[PDB]
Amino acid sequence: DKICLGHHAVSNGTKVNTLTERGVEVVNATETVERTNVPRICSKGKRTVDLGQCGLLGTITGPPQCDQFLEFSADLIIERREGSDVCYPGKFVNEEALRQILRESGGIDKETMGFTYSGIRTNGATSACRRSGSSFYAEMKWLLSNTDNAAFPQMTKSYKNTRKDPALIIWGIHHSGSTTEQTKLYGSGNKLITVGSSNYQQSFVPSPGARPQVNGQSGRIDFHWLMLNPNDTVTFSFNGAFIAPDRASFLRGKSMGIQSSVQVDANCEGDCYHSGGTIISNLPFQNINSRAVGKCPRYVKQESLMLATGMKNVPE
């Protein structure tokens, strides 16, 4: 006598929002915002370097904690809160720029600057940098006057980059904890260091004085850097208080750098990382960490945005 048309329905629908209404109940729906974090750095298949105690900028200068990271190779570089760039206290000028360069480097290759010295000492060492006895930054040389109080000679040292890629060149200016210490190490007088390339132009005069003790030392070293272009030359004209580079650094290729507080895991894979771990998801959005890096779902403020995958639910 009659045939009637209809559609399915369920007792327990799922609420979604539309242009016209909040909390419309539909037969089924699915989440578009990722909330689940994996509390590990998911590193399966990636050449990974976990710096631990070594500060990223220490890979260039070489305090004792960075001895095993002087020429690393990596797809993924992990900095840790406990990492330190220094042994004898000090810091890099333009430090974060240099960190950003090294994070993307793919690692570093090192080559000798070819500097030889006469008329001065080359073996400055300190109890702040220990390798079973007093020592110093593995990639640098603390140049001193031949004997106590002696005049450091006016020196010039040159290095040409004969490779096809830019060379990362570092040096340091030593600020003793006192003027008397400055004289004892490098002789009296107002010291000077100039550094120039075809691209670069900058000078340095030391300023000794008492800083509060760090790693048992009241002196400081100002570290500085420049990228030396292929077949360009850097000249160092100095007359004391100069921490000379022993080796130049070259970038190997490409990598990504992260900062994290969680363990590496080679059993999971992911490309979106933050300090608390890895966001593994195919969803378009995430509400886990606005500073996640790599290849990530877009960060949004909402905890949940349900996408309807069914018709409106109309139970009897």
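Counting begins at 1, following the sequence as shown.
Taking only CA atoms, the mean B-factor in the PDB entry is higher for 182-190 than for the other of 222-230 and 182-190. When the C-alpha B-factors of 195-203 and 108-116 are averaged, 195-203 comes out higher. The entry lists C-alpha B-factors for 130, 175, 91, 103, and the highest of these is at 130. Out of 48, 28, 37, 286, it is 28 whose C-alpha atom has the highest B-factor in the PDB entry. Residue 83: CA B factor lies in the lowest third for its chain, per the PDB record. Residue-level temperature factors show residue 99 in the lowest third of its chain, judged at the C-alpha atom. Ranked against the other modelled residues of its chain, the C-alpha B-factor of residue 246 as given in the entry falls in the middle third. When all modelled residues of the chain are sorted by CA temperature factor, residue 296 is found within the lowest third. When the modelled residues of the chain are ordered by their C-alpha B factor, residue 214 lands in the middle third.
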